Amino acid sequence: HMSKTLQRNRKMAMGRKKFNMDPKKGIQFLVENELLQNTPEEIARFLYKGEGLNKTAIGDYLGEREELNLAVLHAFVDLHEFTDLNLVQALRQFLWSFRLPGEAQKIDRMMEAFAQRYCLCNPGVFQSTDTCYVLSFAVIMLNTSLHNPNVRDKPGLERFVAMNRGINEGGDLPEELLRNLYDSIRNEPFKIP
């Protein structure tokens, strides 16, 4: 009925604000008030939708070390569909969905989860998930190098190719793959939330 519905709608809006102040407190409010089911999948779907949520707060919640948060991270990554996307296309979408936290161990966990998912979704591209991880950071580094004017000397394709020798189970990645990723980043910098 109507009274319950209107009160719930306002409470949801309050929960979102609470989340943005402190993600754990926000989710606690939504759970305790039966506005959100306390499962990894439902929490992850809530964060992926991201309505009225600050992307920095989303990344903060996703980078917590405790069991439920780890499970939400895994479920959240599983919501991304990377089939038939090149690595840059996939990274654009992932990196837009939340703002990475500052802490190296958290970022490592997030990018490893990303790497695993990309590779599962595109099994023929990289035989090793280490290769996918290293090349993911290679792309992020190229984005900065090409598009940050503080980097006063811009790496050409040949340089990008040379920097990634040996990471394909001891061999090299296909030149055309690297060319496609280089061109993609050159032509469109990553958007940060």
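Rigid core here is just the name for the largest C-alpha set that superposes within 1.5 Å across the two forms. Sequential numbering from 1, following the sequence displayed.
Of 96 to 104 and 117 to 125, the stretch whose C-alpha atoms sit farther from the shown form in 6 other deposited structures of this protein, after fitting on the rigid core, is 96 to 104. After superposition on the rigid core, the larger root-mean-square Cα deviation in 6 other deposited structures of this protein belongs to 7 to 15, not to the other of 7 to 15 and 179 to 187. The stretch 150 to 158 shows the higher mean C-alpha B-factor when 137 to 145 is compared against 150 to 158 in the entry. Mean C-alpha B-factor is higher over 122 to 130 than over the other stretch, the pair under comparison being 122 to 130 and 57 to 65. Of the residues listed, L73, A104, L95, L87, the entry assigns the biggest Cα temperature factor to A104. Remark: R45 belongs to the lowest third of its chain, ranked by C-alpha B-factor as recorded. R179: CA B factor in the highest third of modelled residues in this chain (values from the PDB entry). In this PDB entry, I27 carries a Cα temperature factor that places it within the lowest third of its chain's modelled residues.
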